[PDB]
């Protein structure tokens, strides 16, 4: 067993795969170890003043999903993540299907561990 080279297949359809793109987004997701996830959970929340950020169980690892106040290039959300994150796999990408990504993160095979707004988000709150 090596480390994931990308997010689980189930989610791939809701994410952008141009991690080098110059496009900017406000929704992001990170695939990394449990311990790092929990740490990036507090860090990212502060760093980008997230409007929402959730941590999810994902096959022995974790997935952070978060919404930002401003727009950024997946490029800079990755540099920051990596910075404080050696010796640990870390996969970062922008989300195109915001609601779909999160909602899927609340259902099997996934499940929430914690989230900035207990209660979670509903589809109509999104302004894609």
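So that the term is clear: the rigid core is the largest set of C-alpha atoms that superpose within 1.5 Å between two forms. Numbering follows the first chain given and starts at 1.
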Checklist entry - Following superposition on the rigid core, is the mean squared CA displacement, expressed as RMS, greater for 5-13 or for 19-27 in 5 other deposited structures of this protein? => result 19-27
Checklist entry - Core-superposed in 5 other deposited structures of this protein, which stretch deviates more in Cα positions, 113-121 or 100-108? => result 113-121
Item to check | Which of 101-109 and 16-24 has higher mean CA B factor, as the PDB entry lists it | outcome: 16-24
Checklist entry - Comparing 63-71 with 39-47, which has the greater mean CA B-factor as deposited? => result 39-47
Next on the checklist: Out of 92, 76, 53, 85, whose C-alpha atom has the biggest B factor in the entry?
Outcome noted: 85
Checklist entry - Is the Cα B-factor recorded for residue 128 in the lowest, middle or highest third of its chain? => result highest
